[PDB]
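*Asks:* below: the sequence, then the experimentally determined structure.
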Amino acid sequence: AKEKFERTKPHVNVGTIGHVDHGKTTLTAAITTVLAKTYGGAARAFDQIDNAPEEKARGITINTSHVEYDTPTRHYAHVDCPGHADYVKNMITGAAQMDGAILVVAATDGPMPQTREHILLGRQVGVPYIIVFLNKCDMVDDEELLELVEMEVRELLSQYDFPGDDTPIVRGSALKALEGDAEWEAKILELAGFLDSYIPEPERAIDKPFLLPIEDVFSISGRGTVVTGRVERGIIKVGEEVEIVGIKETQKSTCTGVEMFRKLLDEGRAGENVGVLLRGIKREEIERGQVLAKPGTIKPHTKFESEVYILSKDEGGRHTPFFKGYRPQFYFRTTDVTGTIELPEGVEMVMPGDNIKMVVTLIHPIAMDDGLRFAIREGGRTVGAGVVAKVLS
RNA sequence: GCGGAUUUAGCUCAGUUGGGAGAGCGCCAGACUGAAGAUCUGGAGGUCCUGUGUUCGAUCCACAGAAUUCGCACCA
Ligand SMILES: C/C=C\C=C\[C@@H]1O[C@](O)([C@H](CC)C(=O)NC/C=C/C=C(\C)[C@@H](OC)[C@@H](C)[C@@H]2O[C@H](/C=C/C=C/C=C(\C)C(=O)c3c(O)cc[nH]c3=O)[C@H](O)[C@@H]2O)[C@H](O)[C@H](O)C1(C)C
Ligand SMILES: Nc1nc2c(ncn2[C@@H]2O[C@H](COP(=O)(O)OP(=O)(O)NP(=O)(O)O)[C@@H](O)[C@H]2O)c(=O)[nH]1
Ligand SMILES: OC[C@H]1O[C@@](CO)(O[C@H]2O[C@H](CO)[C@@H](O)[C@H](O)[C@H]2O)[C@@H](O)[C@@H]1O
Ligand SMILES: [Mg+2]
């Protein structure tokens, strides 16, 4: 691309989660179109956010989609998540790399299944801040109903351990705004206003080696194969050398581009979801889950001893013990992989709540350094949290 | 990113929509012939692709995965 994208303001990437059918995907367009005037950016519409045909006919958002917009004191990378239960896995990854998250909730219904699920999955993945947004207020005029719901969204949040009280809550309507009624456009800003007031500023690594967990791959007709993702740390000056590590046989490549939302760039510093060019690599040779990095700073692995805390039921985990052979999915950065457990001579079972040292063996090698944290989800819910104590590979 | 379909002995394939699995061939024997092969007669041989949940009990259900494949989408 030939634009340029010139730095200014810190770059905070955020997004939308929350129950289905109420807000998320339309609020996104709103923010982008509102702000494309109240701060003059460049907006897009629903038709453009849920661009995928299945999303159009099914009317439901299946895969996250990225979108950008500018405030005056920050830069925003926005990711729209799918509320449908069938896709949590899809949003999990999107949220996992979020600086803060707008939890959209409809005034009318209020807390629903997919709303608890997301908030919990939030708290469980990284995400440090949530800004609740009561939506569809243009469907409820009973200043006392809102009181009721808000008073219950909070109680919820703070149940998974969030601020809740100190938690900001805008009151507006997406399509209203998106359409034009300025009495609401204003509300879009009262939110777009807290993404700065509340952030607060993200610490970026930079003082370390390059590494970017891949999370999406494209094949630009004009250029070559592209991979996107949130730079974990360091920087990649275009023209540098990279290694596509893990899952498949390690591959060597040289950067050949680094865009930031269709706008050319020369580098990509920690915290910016950006694209890369990697020359010589075709689409069918690289995939999500793999990490791009400074050659020789990270090798792939299969077997490793770990120290894991198996959450209890009271934390939404198993309620029945597991034994040798249990093989759930271990989540590493931008993916997961089934690996098998092997308990210690001198341990026959693991009860939810217990802590355990167990040696895992994934069905696929993965970029991992001793100490790397990972999560374990199985048959639908997060089974436990742990860390790579000692690689054995 | 989203959907279908198939996985049952070494090979080819039936079977059960929860009660604890077969044929043929090929494999190991005794039988006939100097012996091959044919063929007769006997046995051995399955984690029913994997893990969980439910259950008194799961090869079949549920929830999570794998390998083949066959279609769709998307495009810094
Ligand atoms: C979560 C998915 C992928 C995670 C991947 C990786 O996780 C991580 O490894 C992470 C590191 C700790 C990890 O391992 N996460 C893995 C796990 C981490 C878990 C941590 C921290 C917890 O403490 C024990 C923490 C949430 C704790 O739980 C409490 C939750 C109680 C819930 C009760 C729910 C109950 C009865 C319930 O019926 C219920 C519900 O209400 C809503 C939805 N459904 C339910 O069924 C409370 O909210 C506390 O806050 C890193 O973040 C990595 O970088 C990562 C993001 C790549
Ligand atoms: N009255 C009213 N309707 C709204 C409002 N916001 C969205 N809607 C409508 O309700 C539906 C919700 O669509 P959408 O925003 O994509 O839902 P979502 O929250 O992203 N759910 P999912 O992404 O899981 O499909 C649409 O028909 C939309 O136009 C609002 O504030 N008021
Ligand atoms: O073409 C718009 C594009 O410009 C960038 C940098 O290339 O930012 C500039 O324009 C924004 C819109 O008003 C300003 O908020 C920003 O301060 C200014 O540098 C991109 O951020 C934007 O996508
Ligand atoms: Mg949507």
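*Replies:* That came through, no problem. Numbers count the residues shown, from 1 in each chain, chains lettered A, B, ... in the order given. Ligands and ions are numbered 1, 2, ... in the order given.
*Asks:* switch to C-alpha atoms for all contacts and neighbour counts from now on
*Replies:* Fine.
*Asks:* in the helix or strand hosting residue A:115, what's buried?
*Replies:* Using DSSP states H and E, residue A:115 sits within helix A:113-124. Residues A:114-123 are the ones in helix A:113-124 that count as buried (16 or more other C-alpha atoms under 10 Å).
*Asks:* report the separation between residue A:212 and ligand 1.
*Replies:* Using C-alpha to the nearest ligand atom, to the nearest Å, residue A:212 is found at 13 Å from ligand 1.
*Asks:* that residue sits in which helix or strand?
*Replies:* Under the criterion of DSSP H and E, residue A:212 resides in strand A:211-213.
*Asks:* give me the helices and strands touching that strand, please.
*Replies:* Where contact means 3 or more C-alpha pairs under 8 Å, 6 or more residues apart in numbering; DSSP states H and E, strand A:211-213 is packed against strand A:225-230, strand A:291-293.
*Asks:* show me how far that strand is from its chain's centre.
*Replies:* 14 Å (C-alpha atoms, centre = their mean, to the nearest Å).
*Asks:* tell me which helix or strand comes right after it.
*Replies:* Counting by DSSP H and E, the element after strand A:211-213 in chain order, helix or strand, is strand A:216-219.
*Asks:* do that next one and RNA strand B meet?
*Replies:* Yes: against RNA strand B, strand A:216-219 shows contacts by C-alpha under 7 Å from any atom of the strand at A:216, A:218-219.
*Asks:* any chance of JSON lines for those, columns neighbour count?
*Replies:* Compiled in JSON lines, those are given as follows (neighbours: other C-alpha atoms under 10 Å):
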{"residue": "A:216", "neighbour count": "16"}
{"residue": "A:218", "neighbour count": "16"}
{"residue": "A:219", "neighbour count": "15"}
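*Asks:* roughly how far apart are the residue of the stretch 201-350 of chain A found nearest ligand 3 and residue A:194?
*Replies:* Of all residues in the stretch 201-350 of chain A, residue A:263 sits closest to ligand 3, at 7.0 Å by C-alpha to the nearest ligand atom. Per C-alpha to C-alpha, to the nearest Å, residue A:263 is found 26 Å from residue A:194.
*Asks:* do the same with residue A:161
*Replies:* Distance, residue A:161 to residue A:194, using C-alpha to C-alpha: 20 Å.
*Asks:* who has more neighbours, those two?
*Replies:* Taking other C-alpha atoms under 10 Å, residue A:161 and residue A:194 do not tie; residue A:194 has more neighbours (16 against 12).
*Asks:* do any residues in the one helix or strand residue A:148 maps to lie close to ligand 1?
*Replies:* Following DSSP H and E, one finds residue A:148 within helix A:143-160. Yes: between helix A:143-160 and ligand 1, judged by C-alpha under 6 Å from any ligand atom, the touching residues are residue A:160.
*Asks:* residues near the closest residue to residue A:87 other than its chain neighbours, how many?
*Replies:* Spatial nearest neighbour of residue A:87, chain neighbours left out: residue A:62 (6.6 Å); criterion: C-alpha to C-alpha, 6 or more residues apart in numbering. Neighbouring residues of residue A:62 were enumerated by other C-alpha under 10 Å; the total is 21.
*Asks:* so where do the strands sit in the stretch 151-300 of chain A?
*Replies:* Assigned by DSSP state E, counting those that start in this stretch, the strands in the stretch 151-300 of chain A fall at A:169-171, A:211-213, A:216-219, A:225-230, A:241-245, A:251-254, A:273-276, A:291-293, A:300-309.
*Asks:* how about a markdown table for the ones you listed, with distance to ligand 4 added?
*Replies:* Below are these laid out as a markdown table (distance: least, C-alpha to the ion, whole Å):
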| stretch | distance to ligand 4 |
| --- | --- |
| strand A:169-171 | 19 |
| strand A:211-213 | 25 |
| strand A:216-219 | 20 |
| strand A:225-230 | 22 |
| strand A:241-245 | 33 |
| strand A:251-254 | 37 |
| strand A:273-276 | 21 |
| strand A:291-293 | 29 |
| strand A:300-309 | 34 |
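*Asks:* most tightly packed of those strands?
*Replies:* strand A:291-293 (a mean of 30; mean count of other C-alpha atoms under 10 Å).
*Asks:* tell me which residues touch residue A:61, please.
*Replies:* A:25, A:50, A:55, A:81-84 (C-alpha atoms under 8 Å, 6 or more residues apart in numbering).
*Asks:* near RNA strand B at all, the strand or helix carrying residue A:92?
*Replies:* Element membership of residue A:92 [criterion: DSSP H and E] is helix A:88-96. Yes: counting by C-alpha under 7 Å from any atom of the strand, RNA strand B has neighbours in helix A:88-96: residue A:90.
*Asks:* close to RNA strand B: what parts of the stretch 201-350 of chain A are there?
*Replies:* Counting by C-alpha under 7 Å from any atom of the strand, the stretch 201-350 of chain A comes close to RNA strand B at A:216, A:218-221, A:223, A:226, A:228, A:256-263, A:274-277, A:288, A:320-329, A:337-338.
*Asks:* pick out the residue of the stretch 151-300 of chain A closest to ligand 1.
*Replies:* residue A:160 (3.3 Å).
*Asks:* that residue: how many residues sit nearby?
*Replies:* Residue A:160 has 17 neighbouring residues, counting by other C-alpha under 10 Å.
*Asks:* which residue is the nearest non-sequential neighbour of it?
*Replies:* Nearest to residue A:160 is residue A:120, by C-alpha to C-alpha, 6+ apart, at 6.3 Å.
*Asks:* distance of the one you found from residue A:92?
*Replies:* Distance from residue A:120 to residue A:92, by C-alpha to C-alpha: 11 Å.
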